[PDB]
Amino acid sequence: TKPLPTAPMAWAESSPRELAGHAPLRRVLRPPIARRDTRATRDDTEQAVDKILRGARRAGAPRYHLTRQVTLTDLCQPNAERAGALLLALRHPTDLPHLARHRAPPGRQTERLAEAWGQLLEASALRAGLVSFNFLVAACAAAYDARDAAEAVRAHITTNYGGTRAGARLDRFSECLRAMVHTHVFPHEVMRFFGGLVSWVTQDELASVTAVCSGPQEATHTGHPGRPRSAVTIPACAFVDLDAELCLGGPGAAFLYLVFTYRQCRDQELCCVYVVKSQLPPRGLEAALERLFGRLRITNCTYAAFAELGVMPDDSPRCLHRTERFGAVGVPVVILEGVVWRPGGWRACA
Amino acid sequence: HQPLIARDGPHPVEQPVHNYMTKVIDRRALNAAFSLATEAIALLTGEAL
Amino acid sequence: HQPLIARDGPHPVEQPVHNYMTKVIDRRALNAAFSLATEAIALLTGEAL
Amino acid sequence: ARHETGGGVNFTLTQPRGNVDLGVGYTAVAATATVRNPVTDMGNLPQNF
Amino acid sequence: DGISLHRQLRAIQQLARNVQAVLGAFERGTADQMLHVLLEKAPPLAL
Amino acid sequence: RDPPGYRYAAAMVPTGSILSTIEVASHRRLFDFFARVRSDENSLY
Amino acid sequence: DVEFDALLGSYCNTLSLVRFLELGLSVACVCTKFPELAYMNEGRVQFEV
Amino acid sequence: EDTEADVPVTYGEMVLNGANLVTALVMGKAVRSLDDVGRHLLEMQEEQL
């Protein structure tokens, strides 16, 4: 509104050459081709319409695609988990007891997934829903090494998620996950990336979750114009760098990847969810999965299954390590800053 | 409107005739390309001034 | 046209709806019969005068 | 909120609000007058386990 | 462009209808909630 | 069936208003050309 | 031959526009508008007895 | 509540005299009063909404 930063101030309002571009176009000339040679309210409602009319006088910023999806709140809880977490959508659940009968190698129990999932519908009642990211960490917490913060994820879930004995669902949904790998219907073939949390509107039994299926994170209309900001938070058991572990100190844009690990043994099967940050091409990633996760390759013939997640566009990608309070429990959480979401597909490595 | 000519028998008589056609307009276009260059955008825009 | 009433979620939002329709006439008639008599034709014409 | 779909363009409008019920003690009563159609036929349908 | 001038009108009204029919949904929208509110403050007479 | 859509230019200048308002689609079969629109549509123009 | 169809004239509606403040029910409400609310966190009200 | 009622006398009349005729012959259609619809599709094209 006519400040005194008058050098580049015109450039941020969209510039100085734009009036010069409009000088040869609009200011001059006769070309295209020429010839030869009622005290408070009203005006409060009046300045309300004036707050509408100024938006009609005129019409940089990137583009979004917001997605809404009304989802029951058994497994995931957008209430407990703050704005800026990952969300993972699921398929339809009744295809699970039939596809386990066919894709199973001979000598395995096909009727395990039909009963393990059947005891979660009987545990979540104590339909393509949603599972948030922080709920999924504590289910696979029994296969992470430091294990101090894998139990910190499990601490705030049983006490804060909407639902009676979500920890009973945790030992059932992880039993559902351990029934996935055994019955050969793999969990990467079910989980679908949904956007990061910007807002959610709940009700009885269900919630209207809004997210960002494509775009940046930090400038979304959150819904509350008091706080139009939202940063991405990931717990420290799933966050795996690859720049420090290989002395790769060179700057550049960084990529984000989801990574699953499988472990196929006779009634000793583990699950793990990792979120890998790297500067590597997606064609030059499976060699790194050979390097760290060749340990489960010897015991296993798919052993890993990954998917793209998004891009940190900074020449120096920026990380933070704080302990946010999920209710009354502090969990070590890696903070990612300025993430531009671009989804992708999955991959098998048999 | 076509004409006749009268004739003697025993040839059965011919009557005045008429003709009606319509036709359907057929449609075409033409094309030519004007393309500019980047620096020419900068100068006209006023950015490189 | 049809009015609206706004609502809270999680009801999917509803938009104004406009109903357009046309009706087609249906055709009828009436009937009545006037009949004269024979001789009454003669007299009016004047034939029997 | 402007979010385009289907080639169209959507404008969703929202008016945030708040409600406090400033009565102490019961300020409203709802009495049931009549009865319309009882929905469920009162039948004999046994249950199967 | 000559027709098109006739066409805007045919489009511009189609805002007027929508602009009215929408804002209406709020007035009628309020009176809705008061009911859905007052039905939950209110116990029945017999009780 | 020959249900020609109604003529918007003429209907732009109506002869007289309707009075009662009802959900119309409830009973269709009275009409011939019947159309619903959500808030606006492309063919109107 | 001469034939034609016809429009015997068209009829619109008028959406009845309703101010809430018209209805009797406006007695129950006490309606005071924030021009700025969504900024606000929990508001409170106080009673003494 | 009353005995003698007031009643209109005449019918209405729709005659094709005028430009509404030509379209019946040439165009093959008719509009009830085209001497008005035809008019107000001119002023509207100018003034307002």
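For the structure, see preceding data.
Residues numbered from 1 in each chain as written, not as in the entry; some residues may be left out. Chains lettered and ligands numbered in written order. Part of a larger assembly, values for the part shown. Heavy atoms only, no water. Residues with missing side-chain atoms left out of burial classes, pairs and counts.

A. Seen up close, the pattern of salt bridges. All names here are of chain A. The final tally for this structure, using the stated rule, is 13 salt bridges over all chains. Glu-189 is the partner of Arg-103 in a salt bridge, and the nearest nitrogen-oxygen pair spans 2.7 Å. The residue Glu-175 makes a salt bridge to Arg-112 at a minimum N-O spacing of 3.5 Å. Residue classification places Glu-175 among the partly exposed positions, given a relative accessible area of 30%. A single salt-bridge network, built from bridges that share partners, covers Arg-112, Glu-175 and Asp-267. (Salt bridge = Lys/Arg side-chain N within 4 Å of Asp/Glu carboxyl O. Buried < 20%, exposed > 50% of the residue type's maximum accessible area, 1.4 Å probe, protein only.)

B. Spotlight on the packing of aromatic side chains. Tallying each qualifying case throughout the model produces 12 aromatic pairs over all chains. Ring centres of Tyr-6 of chain F and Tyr-8 of chain F lie 5.0 Å apart, and the angle between their planes is 50°; on these two criteria the pair is classed as tilted. A relative accessible area of 14% places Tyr-6 of chain F in the buried class. By relative accessible area, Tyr-8 of chain F is classed as partly exposed at 25%. For the pair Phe-31 of chain F and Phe-34 of chain F, a centre-to-centre distance of 6.3 Å together with 35° between the ring planes defines the contact as tilted. Per residue, the accessibility class of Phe-31 of chain F equals that of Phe-34 of chain F, and both read buried. A cation over a ring is seen here: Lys-23 of chain C above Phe-31 of chain F, with NZ or CZ 5.4 Å from the ring centre. (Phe/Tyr/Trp six-rings, centres within 6.5 Å; stacked < 30°, edge-to-face > 60°. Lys NZ or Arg CZ within 6 Å of the ring centre and 35° of its normal.)

C. Spatial organisation of the pairing of strand β13 (residues 329-336) of chain A. All names here are of chain A. When strand β7 (residues 232-235) meets β13, the two strands line up antiparallel, connected through four bridges. Opposite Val-232, over in β13, you have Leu-336 as the bridge partner. Of the pairings in the sheet, the one linking strand β12 (residues 319-326) to β13 comprises eight bridges and is antiparallel in character. Looking at the pairing, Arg-325 lines up with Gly-330 of β13. Linking β12 to β13, which pair antiparallel, is a turn of two residues; within it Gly-327 sits at a positive phi near 85°. (Pairing = 2+ DSSP bridges. Helix = DSSP H or I, 4+ residues; strand = E, 2+ residues; numbered from the N terminus.)

D. Layout of the sheet that holds β13 of chain A. All names here are of chain A. Overall, antiparallel pairing links the three strands, which are arranged β7-β13-β12 in an open sheet. Of all the strands in the sheet, just β7 and β12 have a single pairing partner and so form its edges. Here the average twist between neighbouring strands, direction ignored, is 45°. (Axes fitted to C-alpha atoms, helices over the stretch in contact; angles between N-to-C directions.)

E. Spatial organisation of the environment of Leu-43 of chain B. Assignment of secondary structure puts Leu-43 of chain B in helix α1 (residues 38-45). Remark: the alpha-carbon pair of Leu-43 of chain B and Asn-31 of chain B, spanning 12 residues in sequence, is separated by 27 Å. Not counting residues up to four positions away in its chain, the partners in contact with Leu-43 of chain B are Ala-20 of chain A together with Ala-48 and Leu-49 of chain B. (Contact = heavy atoms within 4.5 Å.)

F. Representation of the interface of chain C and chain F in the model. Counting from both sides, the interface comprises 11 residues of chain C and, opposite them, 17 residues of chain F. Looking at the side of chain C that touches chain F residue by residue, the class counts come to five nonpolar, five polar and one charged. Relative to strand β1 (residues 33-38) of chain F, strand β1 (residues 17-22) of chain C runs antiparallel, the two being bridged by six bridges. Each bridged residue has a counterpart across the sheet, and for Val-17 of chain C the counterpart in β1 of chain F is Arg-38 of chain F. (Nonpolar A, V, L, I, M, F, W, Y, C, P; charged D, E, K, R; others polar.)

G. Quick look at the interface of chain H and chain E. Each partner contributes residues to the interface: chain H has four residues there, and chain E has seven residues. Interface area for chain H against chain E, summed over the two sides, is near 490 Å², with a carbon-plus-sulfur share of 73%. For the chain H face of the interface with chain E, the top three residues by lost area are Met-44, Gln-45 and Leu-49 of chain H, together amounting to 85%. At the junction of chain H with chain E, the criterion picks out zero salt bridges. (Buried area = accessible area lost by both parts, 1.4 Å probe.)

H. Up close: the sheet that holds strand β3 (residues 130-132) of chain A. Residues and elements named next belong to chain A. Across the sheet, three strands lie side by side as β3-β2-β4; this open sheet has antiparallel pairing. Edge positions in the sheet fall to β3 and β4 (192-194), since each has one partner strand and no second. Pairs of neighbouring strands in the sheet enclose a mean axial angle of 35°, with direction left out of account. Pairing analysis gives three bridges linking strand β2 (residues 87-89) to β4, with the strands arranged antiparallel. Its bridge partner being in β4, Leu-88 is matched across the sheet by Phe-193.

I. Summary view of the arrangement of the chains. The assembly contains 16 pairs of chains in contact; the pair sharing the most contacts is chains C and F. As for chain E relative to chain A, no contact occurs, and the smallest C-alpha gap between them is 13 Å. Separating chain C from chain H is a minimum C-alpha gap of 14 Å, and the two share no contact.

J. Geometry of the environment of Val-311 of chain A. Residues and elements named next belong to chain A. Secondary-structure assignment places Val-311 in strand β11 (residues 304-312). On the basis of relative accessibility, which here comes to 14%, the residue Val-311 falls in the buried class. Separated by 13 residues in the primary sequence, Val-311 and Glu-324 place their C-alpha atoms 24 Å from one another. Look past the residues within four positions of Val-311 in its chain and what remains in contact with it is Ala-254, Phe-255, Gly-338, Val-339, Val-340 and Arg-342.

K. Layout of a nonpolar patch on the surface. A cluster of nonpolar side chains, namely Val-2 and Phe-4 of chain G together with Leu-21, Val-22, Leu-25, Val-26 and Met-27 of chain H, defines an oily patch on the protein surface of about 690 Å² accessible area. Note on placement: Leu-21 of chain H falls in helix α1 (residues 19-27). (Patch = residues over 30% accessible without salt bridge, like charges linked within 9 Å, V, L, I, M, F, W, Y side chains within 5 Å. Areas by Shrake-Rupley, 256 points an atom, 1.4 Å probe, with all protein chains shown as cover.)

L. Just the nonpolar core, in detail. All names here are of chain A. Counting 79 residues, the largest nonpolar core has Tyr-144, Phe-173 and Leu-336 as the members making the most contacts within it. Sorting elements by how many residues they give to this core places helix α10 (residues 166-182) first, with eight residues. Membership of the second largest hydrophobic core comes to 10 residues, among which are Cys-76, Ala-85, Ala-89 and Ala-211. (Core = buried A, V, L, I, M, F, W, Y, C linked by side-chain atoms within 4.5 Å.)

M. Focus on the state of the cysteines. Residues and elements named next belong to chain A. In total, this model carries one disulfide over all chains according to the counting rule given. A sulfur-sulfur separation of 2.0 Å characterises the disulfide bridge that pairs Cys-140 with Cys-271. Here the S-S torsion is close to -120°, and the disulfide linking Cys-140 with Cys-271 is therefore left-handed. Taken together, the residues span a long stretch of sequence, with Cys-140 in the loop between α7 (133-139) and α8 (150-155) and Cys-271 in the loop between β9 (254-261) and β10 (272-278) at a distance of 131 residues. Across the pair, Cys-271 and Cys-140 agree in class, each one buried. No disulfide involves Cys-265; its sulfur sits 12 Å from that of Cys-301, the nearest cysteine. (Disulfide = S-S within 2.5 Å.)

N. Inspection of the side chain of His-18 of chain C at higher detail. The topology assignment puts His-18 of chain C in strand β1. For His-18 of chain C, a relative accessible area of 2% corresponds to the buried category. Polar side-chain contacts of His-18 of chain C include one of 3.4 Å to the side chain of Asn-18 of chain E. Those residues within four positions of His-18 of chain C in sequence are excluded, and the remaining contacts are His-1 of chain C, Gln-14, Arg-17 and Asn-18 of chain E together with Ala-35, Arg-36, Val-37 and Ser-39 of chain F. (Polar contact = N/O pair within 3.5 Å; in protein donor to acceptor, adjacent residues only side chain to side chain.)

O. The arrangement of the environment of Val-185 of chain A in detail. All names here are of chain A. Relative to the helices and strands, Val-185 resides in the loop between α10 and β4. Judged by its relative accessible area of 4%, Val-185 falls in the buried class. Apart from residues no more than four positions distant in its own chain, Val-185 is found in contact with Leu-96, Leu-99, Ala-100, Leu-113 and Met-180.

Geometric descriptors of this kind do not, in isolation, establish any biological role.
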